[PDB]
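Trainee: One structure, as structure tokens, below. Some questions next.
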Ligand SMILES: [Cu+]
């Protein structure tokens with residue numbers, strides 16, 4: 001299954017929509033610019049399994065995404081451990097543009 005996460009609500013609010021997604025092994029999460037770019041996707045290294053900086057860096061898209069409809073995706077296959085993965089947008093972190101992926105096992 002592929003889950004689409006919009007970056008920016010239709011109203012312009014600085015939110016990932018939906019903010020919380022639960023995935024099963026082999027599923028894909030695809031982030032897509034919706035409103036008021038740029039956004040980016042940074043995983044919090046203290047809030048992924050093992051509190052691993054390597055894992056957080058692997059999953060992040062640190063480059064700002066300026067283009068309408070620009071996308072980034074992750075397929076949660078076996079090199080991704082079970083657990084929750086918290087992420088944020090650096091431009092809008094202060095305003096609470098945050099999300100969480102729960103990887104089931
Ligand atoms: Cu953002």
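Numbering (PDB author numbering), first residue to last: 1 to 105.
All C-beta atoms in this analysis are idealised placements derived from N, C-alpha and C, irrespective of residue type, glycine included.
(1) Measure the beta-carbon distance from residue 87 to residue 42 and round it to whole angstroms, keeping in mind my assumption that it falls under 8 Å.
(2) Please state if the CB of residue 25 and the CB of residue 65 are separated by a distance shorter than 8 Å.
(3) In this structure, does DSSP put residue 73 in helix, strand or coil?
(4) Please confirm if the stretch 90 to 99 is in contact with the stretch 49 to 57, defined as three or more CB-CB distances below 8 Å between the two stretches.
Mentor: To lay it out plainly:
(1) Taking the chain shown and counting its residues from 1, the one referred to as residue 87 is at position 87. Taking the chain shown and counting its residues from 1, the one referred to as residue 42 is at position 42. In this structure residue 87 is in contact with residue 42, their Cβ atoms being roughly 6 Å apart against a cut-off of 8 Å.
(2) In the chain shown, counting from the first residue as 1, residue 65 sits at position 65. In the chain shown, counting from the first residue as 1, residue 25 sits at position 25. Taking 8 Å as the cut-off, the Cβ atoms of residue 65 and residue 25 do not count as close.
(3) The residue given as residue 73 occupies position 73 in the chain shown. Under the three-state reduction of DSSP output, residue 73 falls in the strand class.
(4) Inter-segment contact for the stretch 90 to 99 and the stretch 49 to 57 is absent: fewer than three beta-carbon pairs are separated by less than 8 Å.
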